[PDB]
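Student: For reference, this is protein19.cif, and it has mmCIF, C-alpha atoms and all ligand atoms.
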data_model
#
loop_
_atom_site.label_atom_id
_atom_site.label_comp_id
_atom_site.auth_asym_id
_atom_site.auth_seq_id
_atom_site.Cartn_x
_atom_site.Cartn_y
_atom_site.Cartn_z
CA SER A 1 -7.15 -12.03 18.75
CA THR A 2 -4.23 -11.35 16.44
CA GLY A 3 -3.07 -12.21 12.95
CA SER A 4 0.33 -12.31 11.25
CA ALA A 5 0.98 -12.82 7.54
CA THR A 6 4.05 -12.61 5.35
CA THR A 7 3.98 -10.14 2.45
CA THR A 8 6.15 -10.81 -0.60
CA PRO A 9 7.33 -8.52 -3.42
CA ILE A 10 5.74 -9.39 -6.74
CA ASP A 11 8.95 -8.79 -8.73
CA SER A 12 12.62 -7.86 -8.44
CA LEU A 13 11.81 -4.13 -8.13
CA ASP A 14 9.33 -4.34 -5.23
CA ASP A 15 6.66 -2.90 -7.52
CA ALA A 16 4.01 -4.19 -5.10
CA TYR A 17 3.62 -6.74 -2.32
CA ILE A 18 1.18 -9.66 -2.10
CA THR A 19 -0.16 -11.30 1.03
CA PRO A 20 -2.12 -14.59 1.09
CA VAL A 21 -5.74 -14.28 2.21
CA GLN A 22 -8.19 -17.13 2.89
CA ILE A 23 -11.71 -16.48 1.56
CA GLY A 24 -14.72 -18.75 1.97
CA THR A 25 -15.42 -22.29 3.11
CA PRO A 26 -13.48 -24.38 2.25
CA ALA A 27 -10.79 -21.72 2.05
CA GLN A 28 -9.85 -20.23 -1.30
CA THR A 29 -6.43 -18.59 -0.96
CA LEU A 30 -5.88 -15.47 -3.04
CA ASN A 31 -2.78 -13.23 -3.02
CA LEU A 32 -3.97 -9.69 -2.34
CA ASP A 33 -2.26 -6.31 -2.45
CA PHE A 34 -2.79 -4.76 0.99
CA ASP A 35 -3.48 -1.09 0.29
CA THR A 36 -3.55 1.47 3.11
CA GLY A 37 -4.60 4.05 0.47
CA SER A 38 -8.00 2.53 -0.36
CA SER A 39 -10.88 0.83 1.42
CA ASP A 40 -12.30 -1.89 -0.84
CA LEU A 41 -11.48 -5.60 -0.61
CA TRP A 42 -11.98 -6.76 -4.18
CA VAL A 43 -10.98 -9.94 -5.98
CA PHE A 44 -10.69 -11.53 -9.37
CA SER A 45 -13.56 -14.00 -9.49
CA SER A 46 -15.62 -16.44 -11.51
CA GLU A 47 -17.62 -13.35 -12.54
CA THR A 48 -14.66 -11.46 -14.02
CA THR A 49 -14.86 -10.93 -17.79
CA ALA A 50 -12.87 -13.87 -19.15
CA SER A 51 -10.70 -11.80 -21.50
CA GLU A 52 -9.61 -9.66 -18.52
CA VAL A 53 -8.22 -12.60 -16.51
CA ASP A 54 -4.65 -13.62 -17.36
CA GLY A 55 -3.17 -15.96 -14.77
CA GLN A 56 -4.78 -14.66 -11.58
CA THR A 57 -6.35 -16.98 -9.04
CA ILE A 58 -10.10 -16.38 -8.88
CA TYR A 59 -12.61 -16.48 -6.05
CA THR A 60 -15.64 -18.63 -6.92
CA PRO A 61 -18.45 -17.77 -4.48
CA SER A 62 -20.63 -20.67 -5.66
CA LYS A 63 -18.00 -23.03 -4.19
CA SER A 64 -18.07 -21.37 -0.74
CA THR A 65 -20.73 -22.61 1.68
CA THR A 66 -20.45 -19.35 3.66
CA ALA A 67 -20.75 -16.94 0.71
CA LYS A 68 -23.94 -14.88 0.45
CA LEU A 69 -24.80 -12.39 -2.27
CA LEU A 70 -25.15 -8.91 -0.79
CA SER A 71 -28.31 -8.22 -2.73
CA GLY A 72 -28.35 -5.04 -4.78
CA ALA A 73 -24.83 -3.98 -3.84
CA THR A 74 -22.38 -2.84 -6.49
CA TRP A 75 -18.95 -1.24 -6.38
CA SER A 76 -16.75 0.73 -8.74
CA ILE A 77 -13.35 2.20 -7.97
CA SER A 78 -10.86 4.38 -9.85
CA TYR A 79 -7.35 4.65 -8.47
CA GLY A 80 -4.92 7.56 -8.71
CA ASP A 81 -2.82 5.80 -11.36
CA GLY A 82 -5.80 5.50 -13.71
CA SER A 83 -6.53 1.83 -12.94
CA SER A 84 -10.09 0.73 -12.13
CA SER A 85 -12.36 -2.21 -11.35
CA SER A 86 -16.04 -2.81 -10.59
CA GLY A 87 -18.58 -5.51 -9.86
CA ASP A 88 -21.00 -6.89 -7.28
CA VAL A 89 -20.61 -7.99 -3.67
CA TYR A 90 -20.72 -11.11 -1.50
CA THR A 91 -20.24 -11.50 2.21
CA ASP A 92 -17.98 -14.35 3.28
CA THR A 93 -15.46 -15.44 5.87
CA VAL A 94 -12.04 -13.87 5.37
CA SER A 95 -8.88 -14.80 7.28
CA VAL A 96 -5.47 -13.13 7.25
CA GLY A 97 -2.59 -14.79 9.05
CA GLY A 98 -4.91 -16.63 11.43
CA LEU A 99 -7.27 -13.69 12.13
CA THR A 100 -10.82 -14.39 10.93
CA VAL A 101 -13.66 -11.99 10.11
CA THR A 102 -17.09 -13.39 9.35
CA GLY A 103 -19.45 -11.43 7.12
CA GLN A 104 -16.71 -9.47 5.37
CA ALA A 105 -17.73 -7.72 2.16
CA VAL A 106 -15.82 -9.41 -0.67
CA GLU A 107 -16.21 -7.29 -3.79
CA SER A 108 -16.28 -9.58 -6.83
CA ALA A 109 -14.87 -7.99 -9.98
CA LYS A 110 -16.89 -8.15 -13.16
CA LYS A 111 -14.51 -5.75 -14.90
CA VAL A 112 -10.88 -4.78 -14.30
CA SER A 113 -8.63 -2.40 -16.20
CA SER A 114 -5.61 -3.51 -18.21
CA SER A 115 -3.05 -2.82 -15.46
CA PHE A 116 -4.77 -5.43 -13.28
CA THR A 117 -5.12 -7.97 -16.10
CA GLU A 118 -1.39 -7.59 -16.81
CA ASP A 119 -0.32 -8.19 -13.18
CA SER A 120 -0.83 -11.97 -13.04
CA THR A 121 0.58 -12.02 -9.47
CA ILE A 122 -2.11 -9.76 -7.92
CA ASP A 123 -5.45 -11.49 -7.31
CA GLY A 124 -7.10 -8.38 -5.87
CA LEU A 125 -6.68 -5.61 -3.31
CA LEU A 126 -7.39 -5.51 0.43
CA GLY A 127 -8.06 -1.92 1.44
CA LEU A 128 -6.85 -0.67 4.81
CA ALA A 129 -7.67 3.06 4.64
CA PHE A 130 -10.75 4.37 6.45
CA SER A 131 -14.12 2.81 5.65
CA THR A 132 -15.52 6.20 4.64
CA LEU A 133 -13.73 5.64 1.28
CA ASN A 134 -15.39 2.28 0.58
CA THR A 135 -17.22 2.39 -2.76
CA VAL A 136 -20.01 -0.16 -2.18
CA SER A 137 -23.44 1.26 -3.01
CA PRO A 138 -26.10 1.72 -1.75
CA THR A 139 -24.80 0.44 1.61
CA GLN A 140 -21.18 1.30 2.27
CA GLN A 141 -19.09 -1.56 3.67
CA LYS A 142 -16.35 -1.82 6.30
CA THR A 143 -12.75 -2.77 5.72
CA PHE A 144 -11.27 -6.00 7.05
CA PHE A 145 -9.46 -4.02 9.76
CA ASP A 146 -12.61 -2.11 10.74
CA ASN A 147 -14.52 -5.41 11.10
CA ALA A 148 -11.69 -7.08 13.05
CA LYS A 149 -10.81 -4.14 15.29
CA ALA A 150 -13.05 -4.82 18.29
CA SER A 151 -11.79 -8.43 18.50
CA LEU A 152 -8.11 -7.54 18.29
CA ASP A 153 -5.92 -7.46 21.38
CA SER A 154 -5.02 -3.87 20.44
CA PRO A 155 -6.76 -1.86 17.66
CA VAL A 156 -3.70 -1.67 15.42
CA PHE A 157 -2.01 -3.19 12.43
CA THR A 158 1.62 -2.88 11.38
CA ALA A 159 3.39 -2.86 8.03
CA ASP A 160 6.96 -4.16 7.86
CA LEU A 161 7.77 -4.21 4.16
CA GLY A 162 11.05 -5.70 2.97
CA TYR A 163 13.57 -4.30 0.51
CA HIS A 164 13.91 -6.96 -2.18
CA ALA A 165 12.72 -9.44 0.45
CA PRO A 166 9.53 -10.58 2.23
CA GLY A 167 8.09 -8.71 5.18
CA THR A 168 5.12 -8.88 7.52
CA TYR A 169 1.65 -7.49 8.19
CA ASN A 170 0.56 -7.97 11.80
CA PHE A 171 -2.91 -7.32 13.20
CA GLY A 172 -3.65 -6.66 16.85
CA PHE A 173 -0.14 -6.44 18.31
CA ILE A 174 3.18 -4.66 17.98
CA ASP A 175 6.15 -7.03 17.56
CA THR A 176 8.78 -5.30 19.67
CA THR A 177 11.49 -7.48 18.09
CA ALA A 178 10.80 -6.13 14.60
CA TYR A 179 12.29 -2.63 14.97
CA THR A 180 15.22 -0.81 16.54
CA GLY A 181 15.02 2.08 18.97
CA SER A 182 11.61 3.53 19.77
CA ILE A 183 8.44 4.11 17.74
CA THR A 184 7.63 7.79 17.17
CA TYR A 185 3.92 8.45 16.88
CA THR A 186 2.43 11.33 14.92
CA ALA A 187 -1.05 12.72 14.42
CA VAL A 188 -3.40 11.54 11.67
CA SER A 189 -6.17 13.39 9.88
CA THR A 190 -8.97 11.16 8.62
CA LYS A 191 -10.75 14.01 6.81
CA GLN A 192 -9.86 12.62 3.37
CA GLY A 193 -10.25 8.98 4.44
CA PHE A 194 -6.49 8.31 4.38
CA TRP A 195 -3.75 7.73 6.93
CA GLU A 196 -2.75 11.36 6.40
CA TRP A 197 0.03 12.86 8.51
CA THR A 198 2.63 15.66 8.40
CA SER A 199 6.32 14.91 8.06
CA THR A 200 8.61 17.42 9.75
CA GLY A 201 11.13 17.70 6.89
CA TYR A 202 13.81 15.99 4.89
CA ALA A 203 17.49 15.63 4.10
CA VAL A 204 19.30 14.49 0.94
CA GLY A 205 22.27 12.21 1.52
CA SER A 206 24.59 13.61 4.17
CA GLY A 207 23.11 17.08 3.74
CA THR A 208 21.57 19.20 6.45
CA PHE A 209 18.00 18.49 7.50
CA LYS A 210 15.43 20.98 6.19
CA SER A 211 12.62 21.57 8.68
CA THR A 212 9.42 21.93 6.66
CA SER A 213 5.93 20.49 7.01
CA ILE A 214 5.00 17.92 4.34
CA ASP A 215 1.42 16.65 4.53
CA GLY A 216 0.99 13.26 2.91
CA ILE A 217 -0.46 9.78 3.20
CA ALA A 218 1.05 6.48 4.31
CA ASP A 219 0.12 4.29 1.33
CA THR A 220 1.30 0.69 1.08
CA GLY A 221 -0.53 0.39 -2.25
CA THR A 222 1.64 2.96 -4.04
CA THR A 223 5.11 1.89 -5.17
CA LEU A 224 7.05 5.17 -5.07
CA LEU A 225 7.56 8.23 -2.87
CA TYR A 226 5.74 11.28 -4.28
CA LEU A 227 6.73 14.63 -2.76
CA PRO A 228 6.56 18.32 -3.66
CA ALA A 229 8.51 19.37 -6.74
CA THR A 230 10.91 21.51 -4.68
CA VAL A 231 11.92 18.53 -2.52
CA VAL A 232 12.22 16.16 -5.48
CA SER A 233 14.35 18.63 -7.45
CA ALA A 234 16.67 19.03 -4.47
CA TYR A 235 17.12 15.25 -4.32
CA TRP A 236 17.81 14.63 -8.02
CA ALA A 237 20.14 17.64 -8.24
CA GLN A 238 22.57 15.50 -6.24
CA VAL A 239 22.69 12.80 -8.97
CA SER A 240 24.86 13.59 -11.99
CA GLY A 241 22.85 13.35 -15.18
CA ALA A 242 19.46 12.99 -13.53
CA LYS A 243 16.61 14.82 -15.23
CA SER A 244 12.85 14.94 -15.41
CA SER A 245 11.69 13.30 -18.63
CA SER A 246 8.23 14.18 -19.92
CA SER A 247 8.37 11.29 -22.40
CA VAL A 248 9.17 8.74 -19.70
CA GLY A 249 6.88 10.33 -17.10
CA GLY A 250 9.24 11.36 -14.30
CA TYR A 251 12.79 11.64 -13.11
CA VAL A 252 15.32 9.30 -14.68
CA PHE A 253 18.99 8.92 -13.87
CA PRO A 254 22.02 7.14 -15.32
CA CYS A 255 21.97 3.51 -14.30
CA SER A 256 25.71 3.88 -13.53
CA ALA A 257 24.93 6.28 -10.66
CA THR A 258 25.19 5.58 -6.95
CA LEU A 259 22.13 7.21 -5.41
CA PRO A 260 22.19 9.23 -2.18
CA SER A 261 19.91 8.35 0.69
CA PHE A 262 16.79 10.37 1.52
CA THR A 263 15.74 11.13 5.09
CA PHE A 264 12.24 12.12 6.19
CA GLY A 265 11.20 13.45 9.58
CA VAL A 266 8.62 11.96 11.92
CA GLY A 267 8.36 14.45 14.75
CA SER A 268 11.91 14.77 16.07
CA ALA A 269 12.81 11.32 14.70
CA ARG A 270 14.30 10.52 11.30
CA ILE A 271 13.76 7.65 8.86
CA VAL A 272 16.58 7.06 6.36
CA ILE A 273 15.75 5.58 2.96
CA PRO A 274 19.00 4.08 1.56
CA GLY A 275 19.89 5.19 -1.95
CA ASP A 276 19.46 1.70 -3.37
CA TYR A 277 15.77 1.75 -2.41
CA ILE A 278 15.31 4.66 -4.88
CA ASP A 279 16.54 2.69 -7.91
CA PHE A 280 13.70 1.27 -10.03
CA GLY A 281 15.94 0.01 -12.79
CA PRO A 282 16.06 0.49 -16.54
CA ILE A 283 13.14 2.38 -18.07
CA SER A 284 12.97 -0.37 -20.73
CA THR A 285 14.87 -3.61 -20.99
CA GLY A 286 18.55 -2.95 -21.72
CA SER A 287 18.37 0.82 -21.29
CA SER A 288 21.06 2.68 -19.36
CA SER A 289 18.45 5.20 -18.17
CA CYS A 290 16.96 4.15 -14.84
CA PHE A 291 13.67 5.21 -13.27
CA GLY A 292 13.76 7.11 -10.00
CA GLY A 293 11.91 6.07 -6.87
CA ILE A 294 11.24 9.63 -5.68
CA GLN A 295 8.91 11.54 -8.00
CA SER A 296 6.97 14.78 -7.94
CA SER A 297 3.45 14.82 -6.51
CA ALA A 298 2.64 18.03 -8.40
CA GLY A 299 0.07 16.43 -10.72
CA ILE A 300 -1.54 14.28 -8.00
CA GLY A 301 -2.92 16.72 -5.42
CA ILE A 302 -1.45 14.89 -2.42
CA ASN A 303 1.97 13.71 -1.30
CA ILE A 304 2.29 9.94 -1.03
CA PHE A 305 4.64 8.07 1.30
CA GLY A 306 4.49 4.87 -0.72
CA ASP A 307 6.48 1.66 -0.46
CA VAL A 308 9.86 3.35 -1.11
CA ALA A 309 9.43 5.28 2.14
CA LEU A 310 7.44 2.76 4.19
CA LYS A 311 9.83 -0.15 3.55
CA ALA A 312 12.57 1.81 5.35
CA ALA A 313 10.48 1.71 8.55
CA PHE A 314 8.38 -0.38 10.87
CA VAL A 315 5.01 1.38 10.57
CA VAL A 316 2.15 1.27 13.10
CA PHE A 317 -1.36 2.03 11.88
CA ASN A 318 -3.06 2.83 15.18
CA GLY A 319 -6.85 2.61 14.81
CA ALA A 320 -7.73 3.77 18.30
CA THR A 321 -10.61 6.23 18.68
CA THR A 322 -8.17 8.97 17.69
CA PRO A 323 -5.98 7.26 15.06
CA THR A 324 -2.24 7.88 14.88
CA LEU A 325 0.74 6.59 12.90
CA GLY A 326 3.97 5.28 14.37
CA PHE A 327 7.35 4.96 12.65
CA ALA A 328 10.47 3.18 13.85
CA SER A 329 13.77 2.39 12.21
CA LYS A 330 14.56 -1.28 11.70
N1 LIG A 401 -2.83 2.15 -5.29
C1 LIG A 401 -4.06 1.46 -5.68
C2 LIG A 401 -3.96 0.83 -7.09
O1 LIG A 401 -2.90 -0.11 -6.98
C3 LIG A 401 -2.56 -0.83 -8.14
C4 LIG A 401 -1.83 -1.98 -7.96
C5 LIG A 401 -1.47 -2.73 -9.11
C6 LIG A 401 -1.85 -2.30 -10.37
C7 LIG A 401 -2.59 -1.12 -10.51
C8 LIG A 401 -2.95 -0.37 -9.38
#
Using the file provided, produce a representation of the structure as structure tokens.
Tutor:
Amino acid sequence: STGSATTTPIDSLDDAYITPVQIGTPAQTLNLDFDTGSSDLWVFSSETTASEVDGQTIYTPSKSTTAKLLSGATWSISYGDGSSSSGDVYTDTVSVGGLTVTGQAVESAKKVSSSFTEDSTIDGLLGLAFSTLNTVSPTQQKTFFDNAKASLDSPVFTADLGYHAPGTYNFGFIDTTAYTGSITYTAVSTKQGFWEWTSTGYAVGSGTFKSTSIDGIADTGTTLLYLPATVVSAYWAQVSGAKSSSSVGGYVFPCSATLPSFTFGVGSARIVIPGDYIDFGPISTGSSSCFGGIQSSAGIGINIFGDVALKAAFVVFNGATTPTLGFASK
């Protein structure tokens, strides 16, 4: 089997991407944030504290003839940005782009933090990291991809995120029309539960490529590119007036600037992030200070190849017995 679904930016900045997902019988369609950095499929629901729902579409398990309470199971997750959610668990039929999994754990939120309440466009998250990170207790649950994998034509999914435009998540096949050149594959460590790999270096603009190993994660659920402070300083040094602002929380730059590109290495191959992808617009409405799309990972404990980086590539998440990642230009 295969599936193919379009993913759409939630706003003009590509802050996140939402993908429609069919849950239950008859189908209830919710727009979920596919997150290769976590491993829980959770949704706003009829159980979510009413004051914490503000415009999201909810899953109502009592209206699904295939929903079953997973008795005794609870979940609670805290994300790197400080957001969180928690609740109980149902199993139900879940379909993405024509690919159906029966008995998928659908984690129903009883509580969500303010950042989720405020994002009326995100009805929940669909985790695509390794199932070892799933938070369901006392019986850990499998991701949608883990449950689908044996049925898929090939045990892979691909992320093709758009810049200020829709893109695609495919399951079970590689669309050879969706990228240019060849796909370069690189090793993955699953020891932390992430799609963790090592980039071979970077360049700023037209500058020379610096060969240096950068361990980080391919994370569709993180907006920006978070890299070591040395690398980030070298980038922003090429932008007149750019500075790290403690009050804003990262590097800012004059909105009048033209940003240089940023290149990252995948083996001997190179992925070029155009400068415009690094512009996240005014820090507040009407400001002439703009927020940068490349930020330091120093306070995080891991480097994160988030959407800023991934949207410059066609990315293969290869879930074979030894997982790997593939990157192609597009
Ligand atoms: N990276 C996992 C958490 O992602 C989000 C997405 C939207 C709001 C808050 C957190």
Student: What do you get as a PyMOL selection string if you pick all residues at most 9 Å from ligand LIG 401 (chain A), counting all atoms listed in the file?
Tutor: chain A and resi 15-16+33+35-38+78-84+113-119+122+124-125+127+219-223
Student: So that I can see what lies close to residue 49 of chain A, please list as a ChimeraX atom specification the residues with an atom at most 9 Å from it, counting all atoms listed in the file and leaving out residues fewer than 5 positions away in the same chain.
Tutor: /A:109-112
Student: Near segment 319-324 of chain A, counting all atoms listed in the file, which residues have an atom at most 8 Å away, once you skip same-chain residues fewer than 2 positions from it, shown as a PyMOL selection string?
Tutor: chain A and resi 149+155-157+185-188+317+326
Student: If you measure from atom CA of residue 328 of chain A to atom CA of residue 205 of chain A, what distance in Å do you get, rounded to one decimal?
Tutor: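 Those two atoms sit 19.3 Å apart.
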Student: Within 7 Å of (-14.8, -9.2, 2.7) (file coordinates; only C-alpha atoms), which protein or nucleic acid residues are there? I'd like them as a compact mmCIF listing (two decimals) with C-alpha atoms, keeping the file's coordinate frame.
Tutor:
# COMPACT_ATOMS: atom_id res chain seq x y z
CA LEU A 41 -11.48 -5.60 -0.61
CA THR A 91 -20.24 -11.50 2.21
CA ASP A 92 -17.98 -14.35 3.28
CA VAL A 94 -12.04 -13.87 5.37
CA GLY A 103 -19.45 -11.43 7.12
CA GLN A 104 -16.71 -9.47 5.37
CA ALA A 105 -17.73 -7.72 2.16
CA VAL A 106 -15.82 -9.41 -0.67
CA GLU A 107 -16.21 -7.29 -3.79
CA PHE A 144 -11.27 -6.00 7.05
Student: Taking into account all atoms listed in the file, which residue in the set A:181, A:61, A:20, A:172 is nearest to residue 269 of chain A?
Tutor: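 Distance minimum relative to residue 269 of chain A lands on A:181.
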Student: Using only C-alpha atoms, which of the listed residues (A:67, A:73, A:312, A:266) sits closest to residue 183 of chain A?
Tutor: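 Once distances to residue 183 of chain A are computed over only C-alpha atoms, the minimum belongs to A:266.
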Student: Work out how far atom CA of residue 145 of chain A is from atom CA of residue 60 of chain A, in Å to one decimal.
Tutor: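 The value is 23.0 Å.
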Student: When you draw a straight line from atom CA of residue 316 of chain A to atom CA of residue 134 of chain A, how long is it in Å?
Tutor: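 Separation between atom CA of residue 316 of chain A and atom CA of residue 134 of chain A: 21.6 Å.
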Student: Pull the closest atom pair for each residue of segment 258-319 of chain A that gets at most 7 Å from segment 233-254 of chain A, along with the distance in Å to one decimal, counting all atoms listed in the file, ordering rows by chain and then ascending residue number, as JSON lines.
Tutor:
{"residue": "A:259", "atom": "CA", "partner": "A:239", "partner_atom": "CA", "distance": 6.7}
{"residue": "A:288", "atom": "CA", "partner": "A:254", "partner_atom": "CA", "distance": 6.1}
{"residue": "A:289", "atom": "CA", "partner": "A:254", "partner_atom": "CA", "distance": 5.0}
{"residue": "A:290", "atom": "CA", "partner": "A:253", "partner_atom": "CA", "distance": 5.3}
{"residue": "A:291", "atom": "CA", "partner": "A:252", "partner_atom": "CA", "distance": 4.6}
{"residue": "A:292", "atom": "CA", "partner": "A:252", "partner_atom": "CA", "distance": 5.4}
{"residue": "A:295", "atom": "CA", "partner": "A:250", "partner_atom": "CA", "distance": 6.3}
Student: Which polymer residues have any atom within 7 Å of an atom of residue 161 of chain A, counting only C-alpha atoms, with same-chain residues fewer than 4 positions away left out, as a PyMOL selection string?
Tutor: chain A and resi 166-168+310-311
Student: Return the single residue from A:306, A:301, A:207, A:97 that is closest to residue 263 of chain A, with distances computed using all atoms listed in the file.
Tutor: A:207
Student: Name the residues within 8 Å of (-25.5, -5.3, -2.6), counting all atoms listed in the file in the file's coordinates, and put them as a ChimeraX atom specification.
Tutor: /A:69-74,88-90,136-139
Student: Which residue is closest to residue 195 of chain A? Choose from A:208, A:303, A:25, A:151 and count only C-alpha atoms.
Tutor: A:303
Student: From the set A:198, A:31, A:180, A:296, which residue has the shortest atom-to-atom contact distance to residue 231 of chain A, counting all atoms listed in the file?
Tutor: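 Result for the nearest residue to residue 231 of chain A: A:296.
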Student: Point out the residue among A:142, A:330, A:63, A:164 with the least atom-to-atom distance to residue 270 of chain A, counting all atoms listed in the file.
Tutor: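 With all atoms listed in the file as the atom set, the closest residue is A:330.
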